[PDB]
Every structure is written in C-alpha cells, then in structure tokens.
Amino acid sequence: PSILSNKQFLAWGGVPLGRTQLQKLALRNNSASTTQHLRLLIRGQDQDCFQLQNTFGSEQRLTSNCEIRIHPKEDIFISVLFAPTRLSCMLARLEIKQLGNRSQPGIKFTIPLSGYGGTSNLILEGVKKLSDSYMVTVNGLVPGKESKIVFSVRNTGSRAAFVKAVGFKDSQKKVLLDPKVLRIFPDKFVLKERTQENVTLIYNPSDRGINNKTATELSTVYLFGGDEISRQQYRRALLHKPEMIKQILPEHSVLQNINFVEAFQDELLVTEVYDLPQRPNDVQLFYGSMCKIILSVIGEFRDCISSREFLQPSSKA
C-alpha cells in the first residue's frame, strides 16, 4: 500500500442552487523512504460542479498546482468545492494518478464524489419569530373545552421537505404532550417545494385538575424537517442494514423514539433517490442535514388573562 486516505468517498448531500460547500480528505504517503508525484483531477458526468481548491500538506504550503510532491509519511490535505447549478443528483471522481518511476508502474486511485443541487427551506407563518425560535399564543382557553389555532409551514426551497412534529409538556425532562390535551395535525407530512401547508394545534385543556386549571401554560413543539430525498436515502440505508439509528444518535436524544421510516402524509411515489449512490454515512447525512424548528405554545385562559383586569401593583422608590 503506497497511498492511504482517511476517506474512501466524499458525500455532500444537499447544497442549495447557487451556493457552495467545501469538503476535505487527507492522503498519506505510507512509504518511509520514497517520494510520490501525484496528479489530482476531477472527472465524471457532474465534474463542472466539483472544483479542486488549493492543496497543502504536513511538509508544504498552499499550492494551486494539480501536480503534488508527497514526501515519505507526509499527509496532503485536498479541498473539493461542491457548487451545484442544476436541480439534480450529481456524480464525479477525484482521480489521483501516482506517476510511474519505471521501477514502480503508474497507479490511479479513485475517490467517488456525490451530492445533489437544491434543498428544502422550512419557515413558519402565522406565528411570532423570536431570535432562535417561533412563538404562538392560544387565547380564551376554557377547562374541558376544545380550542384550535392554525399556523403554516412554508417550504421556500427547490426540493420537497419531510416535516415531523413532536410536542413536549416539559422539553428538558422529555415528557411528551398527552395528544388528548394538546396535539398537532398533521404531525408527519411531505411539503412540496415553494408550497405552504396549514398545521392545526388542537387544545383540550383538562378540567380534572385541582388548583391551576386556568393558570397560563407553556408547551414546546419541535418540527424536525429536511429534504424528502434525504429521508428516502435514509429509508433505503435502513433496509440494507436493519439497525443504525441507536449507534449514531445520543442515547438520551429526543430523535431516539421518532419514526422517520413510516409513511408521511402526501409522500410521493417518485424521487431522485435512485440517481444518488448508497453510502456508509447516509444515516449520518440524514440526521446531519435535518433542521429542528422550535415552536413555543402558550395556553392563556379567559378567566385568568381576559377576565382579570391588569392593574399596577403597590409601588415604591
């Protein structure tokens, strides 16, 4: 073994159209004696969207030269820019020609490159935007009576999104909502590119409670979102290898108990998933690319906020 790599492939997943994402790999000259002369080339059907950036190493500064001297036991660090310019799954090759010295013949190494142009982009409408979360208030609650409010999830991206909504009574202690008190409908759905879908919070505040029946309540809804193609890649990865979810996530993660495999509302029969090659890190890319939207839900009761007159307390300097 002459040349080693810390990565057998580079998989980018989704990058928005007109945007760019850098990824690196390290090549090591395994020889303790001999220097190799490497020629780095991008080839393949989507070579126009994978661009070699300047190379550096453990014994050399930044160079724009595609020809690299790699000294014995030197690591060189190769940078590839993924710059997609069309709504497609993309394949290319990093070709590493180890130039022959007659005594040793010419060996060509291949690192497959993959990614897709265009991504989902999820925002909420009909709710307040705070700095790092959204907020909605359900006013005029009455214990033992059903209240409904409607907000919207908008996908401003160029690809369909999955949306999985999970609600928490207490988010730190990870006590799920009783759906008979507060539930989200739909709680799992596919949202087409440049479309907006309505989501309903169905609020049935308990009249069983002893004391704080009309006390102002706070709940936390998490909307886990990402590219539908990413969820299809994830599905495909879990068929070939039964159990990968536990290994990857933290043991105490909320995502531990969330099903992304089962049928979502308005899921399509056709995606570009089969244009993407299966990779060992598809499950990692799925959870890695996933967004978490925070929606705080305040329940205000008529008797406590609406019916009580807000007056100035006892004031002194």
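For every residue, the number given is its place in the sequence shown, counted from 1.
Undergrad: Per the entry, where is the mean C-alpha temperature factor higher: 122-130 or 93-101?
TA: Stretch with the higher mean C-alpha B-factor: 93-101.
Undergrad: Mean C-alpha B factor from the entry: is it higher for 220-228 or for 67-75?
TA: The stretch with the larger average C-alpha B-factor is 67-75.
Undergrad: Name the residue from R183, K188, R194, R236 with the greatest C-alpha temperature factor listed in the entry.
TA: Highest C-alpha B-factor among the listed residues goes to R236.
Undergrad: Just grab whichever of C49, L269, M290, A26 has the top CA B-factor as deposited.
TA: That would be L269.
Undergrad: If you rank every modelled residue in this chain by C-alpha B factor, which third holds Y116: lowest, middle or highest?
TA: Its C-alpha B-factor belongs to the lowest third of this chain's values.
Undergrad: Quick one: classify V138 as lowest, middle or highest third of the chain based on its Cα B-factor.
TA: It belongs to the middle third of the chain when residues are ordered by C-alpha B-factor.
Undergrad: Ordered by C-alpha B-factor within the chain, which third holds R86? Give me lowest, middle or highest, please.
TA: CA B-factor rank for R86: lowest third.
Undergrad: Quick check on the deposited entry: does the C-alpha B-factor of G167 sit in the lowest, middle or highest third of its chain?
TA: As the PDB entry reports it, the C-alpha B-factor of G167 lands in the middle third of its chain.
Undergrad: Split into thirds by Cα B-factor across the chain's modelled residues, where does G209 land: lowest, middle or highest?
TA: Its C-alpha B-factor belongs to the highest third of this chain's values.
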